[PDB]
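Close look at the chain arrangement
Each chain is listed here by its residues.
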Amino acid sequence: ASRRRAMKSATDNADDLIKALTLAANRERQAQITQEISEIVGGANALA
Amino acid sequence: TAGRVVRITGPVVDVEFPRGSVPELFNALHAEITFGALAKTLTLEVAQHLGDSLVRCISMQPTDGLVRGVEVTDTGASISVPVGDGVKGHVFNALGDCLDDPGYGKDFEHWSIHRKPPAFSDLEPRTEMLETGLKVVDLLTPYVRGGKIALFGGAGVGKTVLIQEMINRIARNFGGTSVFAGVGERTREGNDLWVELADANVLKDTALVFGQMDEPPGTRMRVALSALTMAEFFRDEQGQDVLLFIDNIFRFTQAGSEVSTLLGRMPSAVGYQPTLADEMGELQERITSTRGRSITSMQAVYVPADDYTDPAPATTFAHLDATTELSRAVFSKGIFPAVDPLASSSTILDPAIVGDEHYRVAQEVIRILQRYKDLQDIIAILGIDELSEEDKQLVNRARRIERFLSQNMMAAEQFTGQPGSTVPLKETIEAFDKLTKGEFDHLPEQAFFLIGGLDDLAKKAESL
Amino acid sequence: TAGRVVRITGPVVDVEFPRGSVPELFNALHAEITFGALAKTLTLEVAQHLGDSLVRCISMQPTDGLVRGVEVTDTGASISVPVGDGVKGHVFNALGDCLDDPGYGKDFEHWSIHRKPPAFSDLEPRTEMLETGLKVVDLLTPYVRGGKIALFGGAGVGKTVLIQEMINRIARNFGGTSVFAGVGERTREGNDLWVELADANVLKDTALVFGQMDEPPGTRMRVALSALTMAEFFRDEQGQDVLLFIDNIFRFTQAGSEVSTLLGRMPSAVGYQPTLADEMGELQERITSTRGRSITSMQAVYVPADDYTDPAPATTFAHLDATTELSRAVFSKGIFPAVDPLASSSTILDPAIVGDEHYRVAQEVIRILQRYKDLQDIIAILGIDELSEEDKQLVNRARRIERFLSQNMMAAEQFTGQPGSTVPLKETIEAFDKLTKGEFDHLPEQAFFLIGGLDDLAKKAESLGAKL
Amino acid sequence: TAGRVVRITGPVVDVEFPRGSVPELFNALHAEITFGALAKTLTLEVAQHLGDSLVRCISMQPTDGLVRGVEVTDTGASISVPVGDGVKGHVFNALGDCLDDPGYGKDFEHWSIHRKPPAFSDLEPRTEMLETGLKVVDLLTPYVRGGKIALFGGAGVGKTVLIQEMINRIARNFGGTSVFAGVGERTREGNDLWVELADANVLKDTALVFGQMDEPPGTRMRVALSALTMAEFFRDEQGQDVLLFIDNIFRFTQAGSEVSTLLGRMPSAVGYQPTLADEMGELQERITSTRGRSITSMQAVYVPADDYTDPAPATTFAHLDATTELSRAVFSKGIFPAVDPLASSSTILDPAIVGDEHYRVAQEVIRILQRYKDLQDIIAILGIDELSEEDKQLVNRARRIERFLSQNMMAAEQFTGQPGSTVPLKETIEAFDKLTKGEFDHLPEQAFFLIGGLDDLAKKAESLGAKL
Ligand SMILES: Nc1ncnc2c1ncn2[C@@H]1O[C@H](COP(=O)(O)OP(=O)(O)OP(=O)(O)O)[C@@H](O)[C@H]1O
Ligand SMILES: Nc1ncnc2c1ncn2[C@@H]1O[C@H](COP(=O)(O)OP(=O)(O)O)[C@@H](O)[C@H]1O
Ligand SMILES: Nc1ncnc2c1ncn2[C@@H]1O[C@H](COP(=O)(O)OP(=O)(O)O)[C@@H](O)[C@H]1O
Ligand SMILES: [Mg+2]
Ligand SMILES: [Mg+2]
């Protein structure tokens with residue numbers, strides 16, 4: 001019984017961890033796109 | 001007083017006009033490509049006044065074969081689409097040209113696709129429910145009359161059949177009409193939809209406006225406004241209730257981003273156009289209820305990288321009133337429409353809007369279905385034997401509830417000859433209240449497939 | 001010999017002068033805004049020589065209402081602020097105008113707010129603990145008297161409360177003078193500090209200079225220089241021991257970034273000004289103690305978006321002898337001060353200076369906390385029940401240690417009504433030695449939360465039913 | 001008819017010529033730096049025609065000391081390098097000058113370093129294994145004779161050690177000519193390679209062309225072309241097999257991107273030049289075997305920041321027949337060569353060429369290692385006891401397999417102090433077939449670390465107390 005409870009708790013903890021990690025990964029992905037565009041447009045403006 | 005092309009860079013064309021003849025922003029201009037292979041009339045939309053009598057315009061067609069110095073004619077108005085009852089049953093592109101019958105509708109009344117939303121006073125302060133007649137939609141995810149509905153669902157989930165069902169219900173129950181806006185429409189899928197609507201005999205109640213995948217970004221940006229203009233004429237002038245379908249709204253956003261990039265504007269966060277919120281708001285605010293008539297919109301939404309915080313879905317959901325998710329799992333069970341009662345939601349499923357009885361019944365149904373979903377994994381792995389007696393009772397009740405959310409739809413008649421049903425909202429509320437309380441658990445499961453209200457349930461139980 | 005405004009772009013103004021009368025860099029020019037509600041006298045600071053007798057200047061006041069072509073006069077000198085004993089007990093803005101008593105200080109000696117830092121031959125490293133009574137600070141990040149301390153933190157993690165705590169602990173029992181620099185922070189916070197210093201009788205020894213959030217970026221990037229000029233007068237011209245409090249220096253960096261954008265400079269990484277390290281270094285190198293002349297400076301450093309990799313705090317780090325990094329994670333645990341013990345550091349936490357016992361206890365505490373941090377990965381999923389017996393013991397010890405590093409602060413009473421406590425350094429070392437040895441493993445965790453020394457621990461443990 | 005320097009900005013020089021005397025693109029121009037300390041002759045490669053008789057050129061030598069308006073002479077031709085058997089045994093730079101014997105080869109036939117690649121009709125796919133004696137390479141990344149081999153990896157993972165190992169194993173007994181192109185690498189490594197080749201007596205058969213990382217961008221751009229021109233001459237004129245070693249080819253792309261913005265080109269993604277793929281394609285497509293004419297080329301490709309998705313290595317991948325991909329993770333485990341067996345690939349690793357048994361054993365090894373990679377996280381968190389019995393057995397097998405793919409290389413004796421070993425391909429196949437069947441599960445995994453064949457395995461197991 002306690003193993004069932006502990007594994008339910010660990011599965012919920014893994015759910016929360018995956019959610020938080022996915023949010024962090026999406027934030028990092030958006031930030032990377034923004035920074036790449038920033039560098040590209042900065043270079044383009046410098047050339048202009 | 002005619003202009004001449006000075007610069008051509010892909011779809012972006014610079015045109016010079018005399019001093020007193022500079023067209024207003026968003027005016028439609030006509031140039032000519034005379035090269036035999038690619039001959040056509042080119043539509044340009046004024047995007048910027050560069051000064052020195054130069055305007056920067058977006059070509060609505062490919063500029064391949066265009067020459068510097070050719071004449072450009074100002075039409076004196078923005079892109080104008082034909083309106084009236086005559087647009088029903090026909091396919092148009094973003095410029096108003098009829099595709100199934102070139103030249104058709106050229107004599108109709110023409111309305112500019114750039115219009116403001118209803119004045120602040122003209123709006124209805126009270127949100128109203130759109131009683132569709134479908135049990136699942138009415139109960140769990142009620143639609144807002146004049147609001148926006150997001151539609152999510154893969155292939156083979158009845159999405160097209162659901163669209164046909166909604167067209168049927170708006171045409172018959174409300175005496176309204178439908179406008180379909182295919183933004184970034186695949187040509188094969190557009191042809192499929194045209195043929196299917198003709199076969200379902202609902203094309204007469206629908207106006208199709210396609211801005212296809214293989215057109216420059218300008219048409220894909222303006223097709224939504226064109227379809228919305230047709231719907232606005234039906235609402236304000238014909239005094240009808242309109243249903244506007246947009247597939248895909250994200251492609252409207254992406255075409256806006258592409259146009260913004262083509263015009264040299266610096267991209268905003270995540271590379272979208274700086275005015276993403278402004279454009280989405282200008283589109284969405286025109287969909288509303290004004291003066292007793294409404295445009296209700298069901299919009300297919302694509303979520304990039306499944307990231308709901310992405311700027312495009314983040315901006316789109318600022319205007320969405322309800323969500324309907326179509327599930328492969330539900331469809332495989334034979335439950336039509338294959339709505340996911342747990343993933344789907346509505347913003348007006350609150351006691352203050354739909355009343356306390358409806359809220360309580362819907363909440364109880366959701367609770368029972370969620371518990372059944374929790375037990376699904378146990379049932380799959382260890383079988384139903386390991387379940388408790390209360391668990392078995394709840395599983396049976398939840399199976400009957402989830403099967404009573406199915407309905408014999410109007411658009412499903414052409415597949416299964418049986419005609420569709422329209423369950424009144426109060427009838428659905430009381431029926432699902434009884435189901436939750438446990439007043440039908442003795443009846444067999446098969447009796448709950450694809451029926452209307454309680455009368456149909458009784459008849460199907462007797463037939464078994 | 002007067003100039004004329006030719007271009008206006010927000011707080012930046014281009015002024016054309018007759019050939020041969022172009023003002024020198026950093027000269028203070030004056031222009032007039034005459035429109036009724038916004039009528040004022042703009043002080044501009046020459047920032048660039050654009051050529052063709054044009055100069056680009058930064059306006060200290062907002063430029064709303066300024067008209068092209070109005071004459072601009074050159075003062076012939078840079079911005080100057082009043083200095084002397086008379087500035088103590090008074091509130092000044094970036095330009096030296098007294099706010100509590102307008103017109104005050106006009107007769108004082110006036111010093112340019114731009115000057116070079118002390119000569120390298122005059123610099124002598126400072127290695128002397130400045131005891132505070134805060135367990136975490138004294139143990140893990142001892143502050144240096146006459147050195148530079150910084151408080152890094154994200155939004156709302158406790159930088160200002162800790163600055164008030166250090167004003168309470170250090171400035172009150174201070175022989176010399178204090179200078180506070182409100183740099184781009186809340187105006188009502190400046191008002192609260194003014195009133196609190198008046199109540200505590202410390203105001204008579206303190207000079208307050210305020211350029212707050214509702215200021216143009218030029219003022220927000222020059223007010224620090226003005227306050228530092230007053231502190232430098234006290235250090236050099238009077239041999240007084242000076243306390244310098246800056247809150248917030250990231251606001252100086254951010255104002256510099258805004259100005260750089262307005263000056264047409266090419267953006268650097270993350271959109272910051274290319275001369276970020278240069279400006280930061282000039283300002284910081286002016287803030288120092290020289291041989292025989294002590295400035296104990298303490299600076300709050302905002303961390304944008306809780307991103308400690310941001311260029312502004314990242315560049316700030318190098319200019320410090322002691323760094324207290326405040327963590328959102330620690331703050332969420334309710335631990336105050338929300339100090340990240342692993343990330344924070346002190347340059348004098350070495351055995352030669354603080355002694356072998358202090359150093360050994362600090363290193364043991366850090367080792368336990370680092371092991372706990374490493375185990376976080378397993379723990380988040382599985383609790384502590386899957387760890388070895390040694391790891392379980394270490395994790396319980398680490399929880400107790402991290403709770404005990406918290407403290408009931410003097411400046412926290414206004415939030416909790418609980419009076420603060422001061423812990424002697426020897427008691428702190430002894431307590432954490434015992435705690436690392438496992439002598440308090442039997443006490444409940446909450447007994448260690450927001451208390452003073454071992455006596456408070458005993459009383460709280462008793463109150464919870466446990467016995468020490 | 002001579003031009004004059006108009007603009008100088010780092011390695012890029014603008015030169016104005018009289019109308020009708022504008023040099024053709026890629027022509028070599030000469031300018032004089034007369035300043036005594038840095039006096040020299042700059043070679044400039046015409047990169048662009050700017051209109052109005054101005055050309056933008058890339059300097060091959062540092063432009064420090066260059067003066068505006070100095071005469072610029074057009075050689076009327078591209079950069080050309082000596083070709084022929086004479087270049088064997090000698091060290092050159094990108095410009096063709098001999099470094100060990102200055103003035104040598106000036107009278108040889110000279111070939112332009114710019115050349116079109118072979119016609120498509122002359123290309124024949126190569127499918128013939130080139131046995132090396134390295135277990136991992138021969139089993140999972142079989143090299144192709146006359147094909148293109150690459151060694152990918154981040155900084156300091158063993159690319160150069162593996163290049164030297166392959167020199168030892170392949171060029172030591174090669175019956176043809178060897179060309180080593182040091183593209184933008186350490187000068188110390190170049191000197192070490194020169195000395196090693198002289199000692200091994202392989203230098204007599206090798207032509208070395210060096211452009212180091214201290215050279216300006218133009219030299220690093222053109223050194224690969226120079227060495228490739230020597231190789232092309234040996235392929236097309238002498239009609240003998242050629243070994244082409246390039247280290248590091250990424251430096252060509254990096255140097256190209258260093259001048260891209262100075263040449264006026266808007267940057268592409270990740271800061272690279274817009275023409276990355278096209279320039280790389282031209283250069284790489286010149287590095288090929290043609291029907292009846294063999295060039296076995298081996299390139300070291302640096303992966304910036306270990307990011308295999310970076311556009312440079314990603315674009316390079318399409319040009320290779322075999323790719324040994326070195327991993328930082330494998331390196332940090334002490335496994336050498338730090339080959340990632342799950343990420344490397346060979347075009348001839350299929351049953352048709354290598355044979356049924358080789359392909360079967362390779363696929364089984366890859367499957368076991370993939371399953372182990374999947375189970376790594378579970379073992380790290382929940383431990384190995386919670387795995388199924390077959391999964392535990394597979395984990396033991398996979399650990400032994402990953403250790404056994406390690407090998408003591410000759411080129412690594414300077415690091416491990418242990419002499420290298422050579423394993424025949426058949427022995428490798430038999431040993432890994434035994435491993436995948438569990439025939440060595442009773443031996444400690446430490447017995448499989450940095451050894452040769454099964455004899456070395458038996459010896460090490462005896463040394464550790466085991467026996468097969
Ligand atoms: N020692 C403390 N005890 C209790 N509460 C505290 C303590 N320190 C800070 N707080 C709480 O945290 C709030 C924020 O603290 P503080 O204003 O010092 O943060 P900050 O880092 O300067 O913030 P900001 O970025 O907004 O300027 C305080 O108003 C108080 O609510
Ligand atoms: N109520 C229903 N009765 C019978 N068949 C249905 C019903 N709903 C959906 N289907 C079947 O499911 C398929 C769904 O495909 P389609 O209508 O294109 O929607 P989607 O775009 O989600 O695939 C259709 O081919 C249709 O035959
Ligand atoms: N086979 C090996 N055995 C032991 N150490 C090695 C081996 N290969 C590389 N190393 C270590 O890794 C370092 C990096 O190798 P090298 O190839 O020179 O760098 P890179 O991979 O960047 O070219 C070597 O100097 C050596 O110390
Ligand atoms: Mg604060
Ligand atoms: Mg190397």
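Residues numbered from 1 in each chain as written, not as in the entry; some residues may be left out. Chains lettered and ligands numbered in written order. Part of a larger assembly, values for the part shown. Heavy atoms only, no water.

As recorded in the entry header, the structure was determined using cryo-EM to a resolution of 2.56 Å.

**Thoughts on the overall build of chain A**
Under the convention used in this document: Helix and strand assignments follow DSSP, with helices taken as H or I runs no shorter than four residues and strands as E runs no shorter than two, numbered in order from the N terminus. In this scheme, a residue with accessible area under 20% of its type's maximum is buried, one over 50% is exposed, and one in between is partly exposed, where area comes from a 1.4 Å probe on protein chains only. Per-residue and other accessible areas follow the Shrake-Rupley method at a 1.4 Å probe size, with only the shown protein chains counted as cover for residues.
Tallying secondary structure elements over chain A gives 1 helix and 0 strands in all. For chain A, the spread of C-alpha atoms along the principal axes amounts to about 70 × 10 × 5 Å. Here chain A holds 48 residues, and 12% of them are scored as buried. Carbon and sulfur atoms make up 59% of the accessible area of chain A, which amounts to about 3,500 Å² in all.

**Digging into the domain arrangement of chain C**
Residue and element names in this part refer to chain C. As a reminder, the rule being used: Note that the domain bounds were set by an automatic or database domain assignment. We call two residues contacting when some pair of their heavy atoms lies within 4.5 Å. Buried area: the sum, over both parts, of the accessible surface (1.4 Å probe) that disappears when the two are put together. Salt bridges are counted wherever a side-chain nitrogen of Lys or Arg sits within 4 Å of a carboxyl oxygen of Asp or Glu. Counted as a polar contact is a pair of N or O atoms within 3.5 Å, where, for protein atoms, one must be capable of donating a hydrogen and the other of accepting one, and residues adjacent in sequence contribute only when both atoms are in side chains. Each residue is assigned to one class: nonpolar for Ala, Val, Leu, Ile, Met, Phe, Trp, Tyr, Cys and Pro, charged for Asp, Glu, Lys and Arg, and polar for all the others, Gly among them.
Segmenting chain C into domains produces domain 1 (1-78), domain 2 (80-347) and domain 3 (349-468). Centre-to-centre separation of domain 1 and domain 2, based on C-alpha positions: 29 Å. Taken residue by residue, the interface counts 15 residues in domain 1 and 13 residues in domain 2. Looking at the side of domain 1 facing domain 2, the largest losses of area belong to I58, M60 and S78, adding up to 40% of the total buried there. Of the charged contacts, one joins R222 and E45 as a salt bridge, the two residues approaching to 2.5 Å between their closest N and O atoms. The interface formed by domain 1 and domain 2 contains 6 residue pairs in polar contact. The element best represented in the side of domain 1 that touches domain 2 is strand β4 (residues 40-51), accounting for 4 residues. Counted by class, the side of domain 1 that touches domain 2 contains 7 nonpolar, 6 polar and 2 charged residues.

**Quick notes on the site of ligand 1**
Residues and elements named next belong to chain C. So the rule is basically this: Only a single heavy atom is needed: when it lies within 4 Å of a molecule or strand, its residue is near that molecule or strand.
Lining the immediate surroundings of ligand 1 are 15 residues, of which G158, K159, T160, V161 and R186 lie closest. One of the backbone nitrogen or oxygen atoms of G158 is found 3.1 Å away from an oxygen atom of ligand 1. Between an oxygen atom of ligand 1 and a main-chain N or O atom of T160, the distance comes to 2.8 Å. It is helix α2 (residues 159-171) that contributes the most residues to the shell around ligand 1, 3 residues altogether. Tallied by class, the residues present in the shell around ligand 1 amount to 8 nonpolar, 4 polar and 3 charged.

**Structural notes on the arrangement of the chains**
Out of 4 pairs of chains that touch, the pair holding the most contacts is chains A and B. One thing to see here is that chain B and chain C don't touch, and their nearest C-alpha atoms sit 13 Å from each other. As for chain D relative to chain B, no contact occurs, and the smallest C-alpha gap between them is 13 Å.

**Points about the nonpolar core**
Counted only if it meets this: Nine residue types can take part in a nonpolar core, namely buried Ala, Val, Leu, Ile, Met, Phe, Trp, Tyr and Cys, and a core is a set of them joined through side-chain atoms within 4.5 Å.
By size, the foremost hydrophobic cluster in this structure holds 74 residues, and its most contacted members are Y143, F245, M298 and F432 of chain C. For this core, the leading source of residues is helix α10 (residues 356-382) of chain C, giving 11 residues. Structurally, this core is a two-domain feature, drawing no fewer than three residues from each of domain 2 (80-347) and domain 3 (349-468) of chain C. In contact with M298 of chain C, not counting residues within four places along its chain, are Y143, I149, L151, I163, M166, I170, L244, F245 and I246 of chain C. By size, the runner-up hydrophobic cluster in this structure holds 66 residues, among which are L162, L203, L208 and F404 of chain D.

**Re helix α3 (residues 187-200) of chain C**
All names here are of chain C. Short version of the rule: How far a helix is expected to stretch is found by multiplying one less than its residue total by 1.5 Å. This arc is taken over the directions from the axis of the helix to the C-beta atoms.
Taking 1.5 Å as the rise per residue, α3 with 14 residues should run 20 Å; its terminal C-alpha atoms sit 20 Å apart, in good agreement. For α3, the complete set of buried residues consists of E189, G190, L193 and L197. Projection of α3 onto a plane perpendicular to its axis shows the buried side chains occupying an angular sector of 100 degrees, all on one side. Away from the buried face of α3 by more than 90 degrees, exposed residues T187, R188 and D199 are located. Residues of α3 that are buried sit in contact with α2, β13 (177-183) and β14 (206-211). Looking one or two residues beyond α3, the residue adopting positive phi is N201, at roughly 70 degrees.

**Focus on the sheet that holds β14 of chain C**
All names here are of chain C. Operational definition: Here, a strand pair is defined by DSSP locating no fewer than two bridges between the strands. Only the stretch in contact is used when a helix axis is fitted, and all axes are lines through C-alpha atoms; the angle between N-to-C directions ranges over 0 to 180 degrees.
The strand order across the open sheet formed by 8 strands is β8-β14-β13-β15-β16-β12-β17-β18, and the pairing between neighbours is mixed. Because the sheet does not close on itself, it has two edges, and the strands there are β8 (91-92) and β18 (345-346). As defined by bridge partners, strand β12 (residues 148-153) adjoins strand β16 (residues 295-302) across 6 bridges and the pair is classed as parallel. What sits directly across from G153, in β16, is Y302. Strand contacts of α3: β8, β13 and β14, with the helix running at about 170 degrees to β14, the strand carrying the most contacts.

**Brief notes about the interface of chain B and chain A**
Taken together, the contacts link 11 residues of chain B with 8 residues of chain A. Summed over both partners, the interface of chain B with chain A buries about 720 Å², with 60% contributed by carbon and sulfur atoms. With a closest N to O distance of 2.9 Å, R29 of chain A and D307 of chain B form a salt bridge. Put simply, chain B and chain A have 5 residue pairs in polar contact between them. For the side of chain B that touches chain A, the per-class residue count stands at 7 nonpolar, 2 polar and 2 charged.

**Digging into the site of ligand 3**
Residues and elements named next belong to chain D. By nearness alone, 15 residues border ligand 3, and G156, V157, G158, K159 and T160 come closest of all. Contact distances for ligand 3 include 2.5 Å between an oxygen atom and a backbone N or O atom of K159. A distance of 2.6 Å is found between an oxygen atom of ligand 3 and a backbone nitrogen or oxygen belonging to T160. The element contributing the most residues to the shell around ligand 3 is helix α2 (residues 159-170), with 3 residues. Looking at the shell around ligand 3, its residues break down into 8 nonpolar, 5 polar and 2 charged.

**Concerning a negative patch on the surface**
Formally: Only residues whose relative accessible area exceeds 30% and that form no salt bridge are eligible for patches; like-charged ones are grouped when within 9 Å, while nonpolar side chains (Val, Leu, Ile, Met, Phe, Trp, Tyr) are grouped when within 5 Å. We treat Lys and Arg as the positive residues and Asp and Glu as the negative residues; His and chain ends play no part in the count. Charged side chains are reduced to one point each, which is NZ for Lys, CZ for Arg, CG for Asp and CD for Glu.
Taken together, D385 and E386 of chain C together with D385 and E386 of chain D make up a surface patch of like negative charges. Within the secondary structure, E386 of chain C sits in the loop between α10 and α11 (389-405). Among the residues examined, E386 of chain C registers a relative accessible area of 54% and is labelled exposed.

**Focus: the interface of chain A and chain C**
Counting residues at the interface gives 5 residues for chain A and 4 residues for chain C. Summed over both sides, the interface of chain A with chain C buries roughly 350 Å², with 76% coming from carbon and sulfur. The largest contributions to the chain A side of the interface with chain C come from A10, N13 and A46 of chain A, which together make up 67% of the buried area. Seen at the junction of chain A and chain C, the total is 0 salt bridges. Counting across the interface, chain A meets chain C through 2 residue pairs in polar contact. A per-class count over the side of chain A that touches chain C returns 4 nonpolar, 1 polar and no charged.

**Remarks on the UniProt feature "binding site: ATP" in chain C**
Residue and element names in this part refer to chain C. The condition is simple: UniProt positions are given in the numbering used here, feature names are shortened, and annotations may be inferred rather than shown by experiment.
Sites flagged by UniProt as "binding site: ATP" map to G153, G154, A155, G156, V157, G158, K159 and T160. Inspection of the secondary structure assignment puts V157 in the loop between β12 and α2. Beyond its immediate chain neighbours, meaning those up to four positions away, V157 contacts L326, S327, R328, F331 and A338. Note on placement: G158 falls in the loop between β12 and α2.

**Description of the packing of α11 of chain C against helix α13 (residues 425-437) of chain C**
All names here are of chain C. This is how the line gets drawn: Roughly parallel here means an angle under 35 degrees, roughly antiparallel means over 145, roughly perpendicular means 65 to 115, and every remaining angle is called oblique. We call a crossing left-handed when the near helix sits turned anticlockwise from the far one by less than a right angle, and right-handed when that turn is clockwise.
Following both chains from N to C, one finds α11 and α13 inclined at 160 degrees, their axes separated by 9 Å at the closest point. Relative to α13, the element α11 lies roughly antiparallel. Both α11 and α13 take part in a crossing whose hand is right-handed. In contact with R397, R400, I401, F404 and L405 of α11, α13 contributes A431, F432, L435, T436 and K437. Split by residue class, the contact of α11 with α13 holds 6 nonpolar, 1 polar and 3 charged.

**Describing the side chain of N93 of chain D**
Residue and element names in this part refer to chain D. Examined against the element boundaries, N93 turns out to sit in strand β8 (residues 91-93). We classify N93 as buried; its relative accessible area is 19%. A polar side-chain atom of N93 sits 2.8 Å from the main-chain amide nitrogen of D97.

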